[PDB]
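One file, target29.cif, carrying mmCIF, C-alpha atoms and all ligand atoms:
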```
data_my_file
loop_
_atom_site.label_atom_id
_atom_site.label_comp_id
_atom_site.auth_asym_id
_atom_site.auth_seq_id
_atom_site.Cartn_x
_atom_site.Cartn_y
_atom_site.Cartn_z
CA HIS A 1 -66.82 32.62 -4.57
CA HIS A 2 -67.74 33.86 -1.05
CA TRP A 3 -70.65 31.63 -0.14
CA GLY A 4 -70.97 29.95 3.17
CA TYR A 5 -73.41 29.14 5.96
CA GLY A 6 -73.48 32.48 7.81
CA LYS A 7 -76.31 35.04 8.01
CA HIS A 8 -74.75 37.13 5.27
CA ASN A 9 -73.54 34.40 2.92
CA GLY A 10 -75.69 31.37 3.73
CA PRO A 11 -78.28 29.38 1.83
CA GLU A 12 -80.77 32.25 1.55
CA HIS A 13 -78.15 34.22 -0.40
CA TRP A 14 -76.85 31.53 -2.75
CA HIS A 15 -79.39 32.18 -5.48
CA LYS A 16 -77.82 35.53 -6.39
CA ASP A 17 -74.57 33.95 -7.67
CA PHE A 18 -76.16 30.56 -8.39
CA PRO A 19 -79.69 31.12 -9.70
CA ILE A 20 -80.21 27.36 -10.06
CA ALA A 21 -80.66 27.48 -6.26
CA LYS A 22 -84.35 28.16 -7.09
CA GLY A 23 -84.42 25.36 -9.66
CA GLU A 24 -86.72 22.43 -10.33
CA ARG A 25 -84.65 19.64 -8.76
CA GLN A 26 -82.77 21.07 -5.79
CA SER A 27 -81.51 19.14 -2.80
CA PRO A 28 -81.87 18.31 0.00
CA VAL A 29 -85.53 17.57 0.54
CA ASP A 30 -87.75 16.35 3.33
CA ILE A 31 -88.55 12.65 2.88
CA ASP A 32 -92.17 12.20 3.77
CA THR A 33 -92.15 8.52 4.49
CA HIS A 34 -95.87 8.07 4.08
CA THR A 35 -95.83 9.65 0.57
CA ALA A 36 -92.72 7.87 -0.72
CA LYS A 37 -93.75 4.91 -2.83
CA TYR A 38 -92.28 1.47 -2.79
CA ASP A 39 -90.89 0.70 -6.28
CA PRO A 40 -90.53 -2.93 -7.23
CA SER A 41 -88.70 -1.75 -10.35
CA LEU A 42 -85.62 -0.90 -8.25
CA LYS A 43 -82.89 -3.62 -8.49
CA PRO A 44 -80.67 -4.29 -5.45
CA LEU A 45 -78.09 -1.68 -4.55
CA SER A 46 -74.50 -2.80 -5.00
CA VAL A 47 -71.86 -1.01 -2.91
CA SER A 48 -68.51 -2.42 -4.03
CA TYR A 49 -65.87 -0.79 -1.88
CA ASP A 50 -63.46 -3.72 -1.37
CA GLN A 51 -60.74 -2.12 -3.50
CA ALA A 52 -61.31 1.48 -2.38
CA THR A 53 -58.11 3.50 -2.23
CA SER A 54 -58.34 6.55 -0.02
CA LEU A 55 -55.63 9.12 -0.45
CA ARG A 56 -56.05 12.33 1.50
CA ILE A 57 -58.32 14.33 3.79
CA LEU A 58 -58.88 18.02 3.11
CA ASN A 59 -60.56 20.87 5.01
CA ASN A 60 -62.03 22.93 2.16
CA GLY A 61 -63.57 25.65 4.33
CA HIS A 62 -67.06 24.16 4.00
CA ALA A 63 -66.58 20.58 5.25
CA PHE A 64 -63.78 18.01 5.07
CA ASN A 65 -63.41 15.57 2.20
CA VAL A 66 -61.86 12.13 2.31
CA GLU A 67 -60.61 11.74 -1.25
CA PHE A 68 -60.22 8.52 -3.23
CA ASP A 69 -58.25 7.37 -6.21
CA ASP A 70 -60.89 7.34 -8.93
CA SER A 71 -58.49 6.71 -11.83
CA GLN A 72 -59.97 3.20 -12.17
CA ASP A 73 -63.13 1.32 -10.97
CA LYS A 74 -61.73 0.67 -7.45
CA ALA A 75 -64.83 1.56 -5.46
CA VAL A 76 -68.15 1.75 -7.21
CA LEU A 77 -71.85 2.05 -6.67
CA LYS A 78 -74.20 0.26 -9.02
CA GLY A 79 -77.70 -1.11 -9.05
CA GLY A 80 -80.67 0.41 -7.29
CA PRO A 81 -82.03 3.21 -9.45
CA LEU A 82 -78.69 3.53 -11.29
CA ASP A 83 -77.89 2.71 -14.87
CA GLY A 84 -74.23 1.80 -15.22
CA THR A 85 -71.31 2.29 -12.90
CA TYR A 86 -70.58 5.21 -10.57
CA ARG A 87 -67.10 5.66 -9.16
CA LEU A 88 -66.43 6.88 -5.63
CA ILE A 89 -64.46 10.16 -5.65
CA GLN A 90 -64.87 11.48 -2.08
CA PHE A 91 -66.99 11.47 1.01
CA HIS A 92 -67.81 14.23 3.45
CA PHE A 93 -70.29 15.16 6.16
CA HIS A 94 -72.68 17.89 7.14
CA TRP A 95 -73.36 18.44 10.83
CA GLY A 96 -74.84 20.73 13.42
CA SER A 97 -73.88 22.86 16.36
CA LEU A 98 -76.15 20.66 18.56
CA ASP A 99 -77.35 17.09 18.20
CA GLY A 100 -80.87 18.18 17.14
CA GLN A 101 -79.77 19.49 13.76
CA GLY A 102 -77.11 18.87 11.14
CA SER A 103 -78.58 16.67 8.46
CA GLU A 104 -79.53 18.04 5.07
CA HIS A 105 -82.22 15.56 4.23
CA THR A 106 -84.95 15.18 6.84
CA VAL A 107 -87.29 12.27 7.45
CA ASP A 108 -90.82 13.32 8.30
CA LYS A 109 -89.22 16.66 9.23
CA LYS A 110 -86.79 14.98 11.66
CA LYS A 111 -83.29 16.37 11.51
CA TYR A 112 -80.43 14.03 12.36
CA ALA A 113 -77.20 15.14 14.03
CA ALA A 114 -75.24 14.76 10.81
CA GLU A 115 -75.28 13.30 7.30
CA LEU A 116 -72.57 11.44 5.40
CA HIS A 117 -72.33 11.91 1.59
CA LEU A 118 -70.45 9.35 -0.47
CA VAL A 119 -70.05 11.05 -3.85
CA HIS A 120 -69.80 9.06 -7.08
CA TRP A 121 -69.60 9.95 -10.76
CA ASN A 122 -70.97 8.07 -13.77
CA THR A 123 -68.10 6.48 -15.59
CA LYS A 124 -69.77 6.87 -18.96
CA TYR A 125 -68.82 10.57 -18.87
CA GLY A 126 -65.12 9.90 -18.25
CA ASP A 127 -64.43 12.52 -15.55
CA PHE A 128 -66.24 14.32 -12.73
CA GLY A 129 -66.22 17.65 -14.56
CA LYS A 130 -68.01 16.22 -17.57
CA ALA A 131 -70.34 14.22 -15.31
CA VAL A 132 -71.59 17.43 -13.69
CA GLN A 133 -72.83 18.60 -17.11
CA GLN A 134 -75.23 15.61 -17.23
CA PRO A 135 -78.59 15.08 -15.47
CA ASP A 136 -77.43 11.55 -14.51
CA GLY A 137 -73.85 12.45 -13.86
CA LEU A 138 -73.58 11.81 -10.14
CA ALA A 139 -74.89 9.49 -7.46
CA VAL A 140 -74.63 10.50 -3.83
CA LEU A 141 -75.20 7.89 -1.15
CA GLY A 142 -76.50 9.66 1.95
CA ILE A 143 -76.33 8.18 5.43
CA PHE A 144 -77.79 9.77 8.55
CA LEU A 145 -75.85 9.96 11.82
CA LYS A 146 -77.52 9.84 15.24
CA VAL A 147 -75.70 10.25 18.52
CA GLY A 148 -75.48 7.14 20.68
CA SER A 149 -72.82 4.45 20.62
CA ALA A 150 -69.54 5.18 18.90
CA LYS A 151 -68.95 4.11 15.30
CA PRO A 152 -65.63 2.28 15.36
CA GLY A 153 -65.02 2.76 11.60
CA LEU A 154 -65.34 6.52 12.00
CA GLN A 155 -62.64 6.90 14.63
CA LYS A 156 -59.71 7.09 12.19
CA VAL A 157 -61.44 10.09 10.59
CA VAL A 158 -62.10 11.74 13.97
CA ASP A 159 -58.48 11.19 15.01
CA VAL A 160 -57.00 13.08 11.99
CA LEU A 161 -59.22 16.16 12.28
CA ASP A 162 -56.80 17.91 14.66
CA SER A 163 -54.32 17.99 11.74
CA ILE A 164 -56.73 19.71 9.36
CA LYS A 165 -58.35 22.23 11.64
CA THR A 166 -58.41 25.12 9.24
CA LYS A 167 -59.37 25.82 5.63
CA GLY A 168 -56.88 24.57 3.05
CA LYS A 169 -55.14 22.05 5.32
CA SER A 170 -54.82 18.44 4.19
CA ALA A 171 -53.32 15.24 5.54
CA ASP A 172 -52.42 11.84 4.14
CA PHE A 173 -55.32 9.50 4.62
CA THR A 174 -54.42 6.23 2.97
CA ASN A 175 -55.87 2.79 3.68
CA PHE A 176 -59.22 3.98 5.11
CA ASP A 177 -62.06 1.55 4.50
CA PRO A 178 -65.39 3.33 3.86
CA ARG A 179 -67.26 0.05 4.39
CA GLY A 180 -66.90 0.79 8.10
CA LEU A 181 -69.26 3.75 7.79
CA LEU A 182 -72.24 1.80 6.43
CA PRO A 183 -75.24 0.68 8.46
CA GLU A 184 -76.41 -2.98 8.31
CA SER A 185 -79.29 -2.34 5.95
CA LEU A 186 -79.08 -0.90 2.44
CA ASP A 187 -82.83 -0.05 2.32
CA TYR A 188 -83.09 3.40 0.76
CA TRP A 189 -85.10 6.25 -0.65
CA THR A 190 -84.18 7.76 -4.00
CA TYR A 191 -85.02 10.86 -6.01
CA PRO A 192 -83.42 13.12 -8.62
CA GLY A 193 -81.77 16.22 -7.15
CA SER A 194 -78.73 18.45 -7.03
CA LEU A 195 -75.52 19.20 -5.28
CA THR A 196 -76.42 20.71 -1.88
CA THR A 197 -73.68 23.33 -2.03
CA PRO A 198 -72.81 25.83 -4.78
CA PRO A 199 -72.69 25.32 -7.70
CA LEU A 200 -75.94 23.46 -6.87
CA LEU A 201 -75.83 21.54 -10.16
CA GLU A 202 -78.79 19.36 -10.98
CA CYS A 203 -76.89 16.18 -11.78
CA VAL A 204 -77.47 13.90 -8.78
CA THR A 205 -79.36 10.69 -8.25
CA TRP A 206 -79.77 10.75 -4.46
CA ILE A 207 -79.81 7.42 -2.61
CA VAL A 208 -80.56 8.04 1.10
CA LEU A 209 -80.32 5.06 3.43
CA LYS A 210 -83.14 4.47 5.86
CA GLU A 211 -81.00 3.15 8.67
CA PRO A 212 -78.86 5.76 10.42
CA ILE A 213 -75.45 4.96 11.83
CA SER A 214 -74.75 5.74 15.48
CA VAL A 215 -71.78 7.87 16.40
CA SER A 216 -70.81 8.96 19.88
CA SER A 217 -71.18 12.41 21.33
CA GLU A 218 -67.40 12.57 21.55
CA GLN A 219 -67.03 11.78 17.86
CA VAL A 220 -69.39 14.53 16.70
CA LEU A 221 -67.92 17.00 19.21
CA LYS A 222 -64.62 16.57 17.36
CA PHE A 223 -66.32 17.51 14.06
CA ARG A 224 -67.48 20.68 15.78
CA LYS A 225 -63.91 21.71 16.64
CA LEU A 226 -62.99 22.19 12.96
CA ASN A 227 -62.82 25.69 11.60
CA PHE A 228 -64.32 27.34 8.53
CA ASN A 229 -61.56 29.96 8.65
CA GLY A 230 -57.98 29.68 7.53
CA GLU A 231 -54.93 29.43 9.83
CA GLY A 232 -54.31 32.54 11.83
CA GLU A 233 -57.77 33.98 11.20
CA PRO A 234 -60.40 34.57 13.84
CA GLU A 235 -62.01 31.30 14.75
CA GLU A 236 -65.32 30.38 13.22
CA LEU A 237 -66.26 26.88 14.25
CA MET A 238 -67.29 24.61 11.40
CA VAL A 239 -70.80 23.81 12.54
CA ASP A 240 -74.22 24.01 10.87
CA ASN A 241 -72.79 23.43 7.41
CA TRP A 242 -76.09 22.10 6.12
CA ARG A 243 -78.58 23.39 3.57
CA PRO A 244 -82.21 23.15 4.66
CA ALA A 245 -84.80 21.18 2.77
CA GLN A 246 -85.84 22.63 -0.60
CA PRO A 247 -89.16 22.42 -2.45
CA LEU A 248 -89.92 18.97 -3.85
CA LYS A 249 -91.63 20.42 -6.92
CA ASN A 250 -92.38 17.86 -9.65
CA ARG A 251 -90.64 14.92 -7.99
CA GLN A 252 -91.52 11.61 -6.46
CA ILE A 253 -89.40 9.91 -3.83
CA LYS A 254 -89.18 6.17 -4.31
CA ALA A 255 -88.56 3.60 -1.59
CA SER A 256 -86.64 0.36 -2.09
CA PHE A 257 -88.49 -1.33 0.76
CA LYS A 258 -92.03 -1.80 1.91
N1 LIG A 301 -67.28 20.72 -6.79
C1 LIG A 301 -68.64 20.19 -6.49
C2 LIG A 301 -68.44 19.35 -5.27
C3 LIG A 301 -69.67 18.84 -4.54
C4 LIG A 301 -69.81 17.47 -4.38
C5 LIG A 301 -70.83 16.95 -3.62
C6 LIG A 301 -71.74 17.79 -3.00
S1 LIG A 301 -73.10 17.12 -2.04
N2 LIG A 301 -73.13 17.91 -0.65
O1 LIG A 301 -74.27 17.42 -2.82
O2 LIG A 301 -72.75 15.75 -1.82
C7 LIG A 301 -71.62 19.17 -3.12
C8 LIG A 301 -70.58 19.67 -3.90
ZN ZN A 302 -72.74 16.89 0.95
#
```
Translate the structure described by the file into structure tokens.
Amino acid sequence: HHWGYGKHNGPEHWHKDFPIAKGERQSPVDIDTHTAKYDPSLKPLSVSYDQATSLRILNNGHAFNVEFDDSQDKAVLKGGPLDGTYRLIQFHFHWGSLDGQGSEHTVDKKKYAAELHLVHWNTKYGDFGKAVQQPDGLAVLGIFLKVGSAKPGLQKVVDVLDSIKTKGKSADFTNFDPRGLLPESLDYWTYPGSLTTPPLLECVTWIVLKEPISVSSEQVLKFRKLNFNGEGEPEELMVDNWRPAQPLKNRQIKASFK
């Protein structure tokens, strides 16, 4: 109820209210590329976002979420390591104060400038709340961001952030196409993990794409102008809203590519 990313409420403190923080399948993790094993058992990943229906964008004090209508299979993730159908509910990002940090997952200890999370729930459990009681309840598609050329499909998101500067603000965000945030390649790593924020629930099949997307310096600078605080409160820029890598423990990361 008062967690955050500060010195006094950040990741090193979460375990006191959320003891699963020290659990057996916490996220994110470092992806050691040389230890990940190619798995021929993985089937192709299927990202089916053609009928995605975005609704709203919300600053929740921790990040911003672009929310989707998940009342029907309009945008789903299937295939790869997944059994069944996972419905897109929201996406959000984690990012840094500087371009050398911001991602949650790391690749051979490399931190990217940011990381996109497309969050999906397993339709066999009927709603998100029931899905987060299940060890295969969620699938999060993670995409790294590096700073270079602008990402045209991100600009509509960047352009609305001025209207949701502070915690609790929302704005209409209809007709946004999340396909414009994907890299060319769907080559991925996958492992079983958790939500990376409280409540840190161990329900997630992580699918982390190998290929980063490029965003421009100007695009990420606009992320960094958001606020963690509410309207009228002293300004605390929304930066460094990432959890560091957690112990891998008894897990293997699988690669979909050689
Ligand atoms: N109410 C739980 C919401 C929640 C959804 C997704 C994530 S993440 N960063 O693991 O994609 C964290 C929390
Ligand atoms: Zn996230």
Neighbour list for residue 21 (chain A) as a PyMOL selection string, cut-off 10 Å, all atoms listed in the file, skip fewer than 3 positions in-chain: chain A and resi 11-18+24-27+194-202+246
Residues within 7 Å of (-61.8, 7.5, -13.7), file coords, all atoms listed in the file, listed as number ranges by chain: A: 70-73, 123, 126-127
Using C-alpha atoms, can you write the selected residues to a file as a short mmCIF file (atom, residue, chain, number, x, y, z; two decimals), in the frame of the given file?
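That gives us selection-v5.cif:
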```cif
data_model
loop_
_atom_site.label_atom_id
_atom_site.label_comp_id
_atom_site.auth_asym_id
_atom_site.auth_seq_id
_atom_site.Cartn_x
_atom_site.Cartn_y
_atom_site.Cartn_z
CA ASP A 70 -60.89 7.34 -8.93
CA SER A 71 -58.49 6.71 -11.83
CA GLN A 72 -59.97 3.20 -12.17
CA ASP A 73 -63.13 1.32 -10.97
CA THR A 123 -68.10 6.48 -15.59
CA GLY A 126 -65.12 9.90 -18.25
CA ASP A 127 -64.43 12.52 -15.55
#
```
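The smallest atom-to-atom distance between residue 135 (chain A) and any of A:189, A:242, A:206, A:176, using only C-alpha atoms, is found for A:206.
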All residues 9 Å or closer to region 154-157 of chain A, all atoms listed in the file, same chain fewer than 6 positions away omitted, as a ChimeraX atom specification: /A:57,66,173,176,178,180-181,215,219
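Among the candidate residues A:22, A:255, A:62, A:186, the one lying nearest to residue 5 (chain A) is A:62, with distances computed using all atoms listed in the file.
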Among listed residues A:145, A:82, A:208, A:77, nearest ligand LIG 301 (chain A) (using all atoms listed in the file):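 Going through A:145, A:82, A:208, A:77 one by one, the smallest distance to ligand LIG 301 (chain A) is for A:208.
Proximity ranking of A:112, A:228, A:144, A:223 relative to residue 168 (chain A) places A:228 first, based on all atoms listed in the file.
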How would you write, as a compact mmCIF listing (two decimals) with C-alpha atoms, in the coordinates of the input, the set of residues no farther than 9 Å from ligand ZN 302 (chain A) when counting only C-alpha atoms and all ligand atoms?
```
# COMPACT_ATOMS: atom_id res chain seq x y z
CA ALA A 63 -66.58 20.58 5.25
CA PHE A 91 -66.99 11.47 1.01
CA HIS A 92 -67.81 14.23 3.45
CA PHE A 93 -70.29 15.16 6.16
CA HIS A 94 -72.68 17.89 7.14
CA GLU A 104 -79.53 18.04 5.07
CA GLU A 115 -75.28 13.30 7.30
CA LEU A 116 -72.57 11.44 5.40
CA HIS A 117 -72.33 11.91 1.59
CA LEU A 118 -70.45 9.35 -0.47
CA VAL A 119 -70.05 11.05 -3.85
CA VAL A 140 -74.63 10.50 -3.83
CA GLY A 142 -76.50 9.66 1.95
CA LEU A 195 -75.52 19.20 -5.28
CA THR A 196 -76.42 20.71 -1.88
CA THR A 197 -73.68 23.33 -2.03
CA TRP A 242 -76.09 22.10 6.12
```
Nearest residue to ligand LIG 301 (chain A) from the set A:257, A:3, A:128, A:38 (distances using all atoms listed in the file):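 Among A:257, A:3, A:128, A:38, it is A:128 that comes nearest to ligand LIG 301 (chain A).
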Would you compute, for all listed atoms of ligand LIG 301 (chain A), the axis-aligned bounding box grown by 4 Å on each side, and then report its centre and edge lengths in Å rounded to one decimal, as JSON?
```
{"center_x": -70.8, "center_y": 18.2, "center_z": -3.7, "size_x": 15.0, "size_y": 13.0, "size_z": 14.1}
```
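Straight-line separation from CA of residue 114 (chain A) to CA of residue 59 (chain A): 16.9 Å.
Comparing the minimum interatomic distances between residue 167 (chain A) and each of A:98, A:226, A:29, A:107, counting all atoms listed in the file, we find that A:226 sits nearest.
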Atom pair CA of residue 80 (chain A) / CA of residue 30 (chain A): separation (Å): 20.4 Å
Atoms are missing here; could region 32-53 of chain A be completed with N, CA and C atoms and written as a PDB file, keeping the file's coordinate frame?
```
ATOM      1  N   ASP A  32     -90.926  12.536   3.094  1.00  0.00           N
ATOM      2  CA  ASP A  32     -92.170  12.200   3.770  1.00  0.00           C
ATOM      3  C   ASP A  32     -92.386  10.696   3.536  1.00  0.00           C
ATOM      4  N   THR A  33     -92.221   9.955   4.605  1.00  0.00           N
ATOM      5  CA  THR A  33     -92.150   8.520   4.490  1.00  0.00           C
ATOM      6  C   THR A  33     -93.458   7.895   4.063  1.00  0.00           C
ATOM      7  N   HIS A  34     -94.551   8.586   4.387  1.00  0.00           N
ATOM      8  CA  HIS A  34     -95.870   8.070   4.080  1.00  0.00           C
ATOM      9  C   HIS A  34     -96.257   8.375   2.643  1.00  0.00           C
ATOM     10  N   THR A  35     -95.600   9.319   1.985  1.00  0.00           N
ATOM     11  CA  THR A  35     -95.830   9.650   0.570  1.00  0.00           C
ATOM     12  C   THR A  35     -94.852   9.008  -0.387  1.00  0.00           C
ATOM     13  N   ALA A  36     -93.686   8.602   0.089  1.00  0.00           N
ATOM     14  CA  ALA A  36     -92.720   7.870  -0.720  1.00  0.00           C
ATOM     15  C   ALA A  36     -93.379   6.552  -1.141  1.00  0.00           C
ATOM     16  N   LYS A  37     -93.123   6.176  -2.382  1.00  0.00           N
ATOM     17  CA  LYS A  37     -93.750   4.910  -2.830  1.00  0.00           C
ATOM     18  C   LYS A  37     -92.734   3.812  -3.039  1.00  0.00           C
ATOM     19  N   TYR A  38     -93.093   2.638  -2.522  1.00  0.00           N
ATOM     20  CA  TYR A  38     -92.280   1.470  -2.790  1.00  0.00           C
ATOM     21  C   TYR A  38     -92.254   1.208  -4.280  1.00  0.00           C
ATOM     22  N   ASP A  39     -91.089   0.973  -4.860  1.00  0.00           N
ATOM     23  CA  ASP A  39     -90.890   0.700  -6.280  1.00  0.00           C
ATOM     24  C   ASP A  39     -90.268  -0.661  -6.468  1.00  0.00           C
ATOM     25  N   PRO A  40     -91.078  -1.616  -6.896  1.00  0.00           N
ATOM     26  CA  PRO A  40     -90.530  -2.930  -7.230  1.00  0.00           C
ATOM     27  C   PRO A  40     -89.618  -2.875  -8.448  1.00  0.00           C
ATOM     28  N   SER A  41     -89.594  -1.749  -9.176  1.00  0.00           N
ATOM     29  CA  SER A  41     -88.700  -1.750 -10.350  1.00  0.00           C
ATOM     30  C   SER A  41     -87.251  -1.554  -9.905  1.00  0.00           C
ATOM     31  N   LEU A  42     -87.021  -1.104  -8.674  1.00  0.00           N
ATOM     32  CA  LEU A  42     -85.620  -0.900  -8.250  1.00  0.00           C
ATOM     33  C   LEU A  42     -84.867  -2.221  -8.128  1.00  0.00           C
ATOM     34  N   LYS A  43     -83.668  -2.364  -8.683  1.00  0.00           N
ATOM     35  CA  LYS A  43     -82.890  -3.620  -8.490  1.00  0.00           C
ATOM     36  C   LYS A  43     -82.070  -3.466  -7.235  1.00  0.00           C
ATOM     37  N   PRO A  44     -81.457  -4.489  -6.669  1.00  0.00           N
ATOM     38  CA  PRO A  44     -80.670  -4.290  -5.450  1.00  0.00           C
ATOM     39  C   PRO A  44     -79.544  -3.283  -5.626  1.00  0.00           C
ATOM     40  N   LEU A  45     -79.277  -2.530  -4.592  1.00  0.00           N
ATOM     41  CA  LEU A  45     -78.090  -1.680  -4.550  1.00  0.00           C
ATOM     42  C   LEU A  45     -76.821  -2.486  -4.321  1.00  0.00           C
ATOM     43  N   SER A  46     -75.784  -2.138  -5.064  1.00  0.00           N
ATOM     44  CA  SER A  46     -74.500  -2.800  -5.000  1.00  0.00           C
ATOM     45  C   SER A  46     -73.442  -1.764  -4.625  1.00  0.00           C
ATOM     46  N   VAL A  47     -72.931  -1.871  -3.416  1.00  0.00           N
ATOM     47  CA  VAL A  47     -71.860  -1.010  -2.910  1.00  0.00           C
ATOM     48  C   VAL A  47     -70.602  -1.873  -2.947  1.00  0.00           C
ATOM     49  N   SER A  48     -69.682  -1.569  -3.837  1.00  0.00           N
ATOM     50  CA  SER A  48     -68.510  -2.420  -4.030  1.00  0.00           C
ATOM     51  C   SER A  48     -67.280  -1.581  -3.697  1.00  0.00           C
ATOM     52  N   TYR A  49     -66.945  -1.602  -2.408  1.00  0.00           N
ATOM     53  CA  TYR A  49     -65.870  -0.790  -1.880  1.00  0.00           C
ATOM     54  C   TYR A  49     -64.635  -1.579  -1.483  1.00  0.00           C
ATOM     55  N   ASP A  50     -64.587  -2.891  -1.732  1.00  0.00           N
ATOM     56  CA  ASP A  50     -63.460  -3.720  -1.370  1.00  0.00           C
ATOM     57  C   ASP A  50     -62.133  -3.215  -1.875  1.00  0.00           C
ATOM     58  N   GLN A  51     -62.050  -2.607  -3.050  1.00  0.00           N
ATOM     59  CA  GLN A  51     -60.740  -2.120  -3.500  1.00  0.00           C
ATOM     60  C   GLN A  51     -60.594  -0.609  -3.362  1.00  0.00           C
ATOM     61  N   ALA A  52     -61.389   0.022  -2.509  1.00  0.00           N
ATOM     62  CA  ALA A  52     -61.310   1.480  -2.380  1.00  0.00           C
ATOM     63  C   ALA A  52     -59.916   1.909  -1.929  1.00  0.00           C
ATOM     64  N   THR A  53     -59.429   2.976  -2.509  1.00  0.00           N
ATOM     65  CA  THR A  53     -58.110   3.500  -2.230  1.00  0.00           C
ATOM     66  C   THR A  53     -58.227   4.951  -1.800  1.00  0.00           C
TER      67      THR A  53
END
```
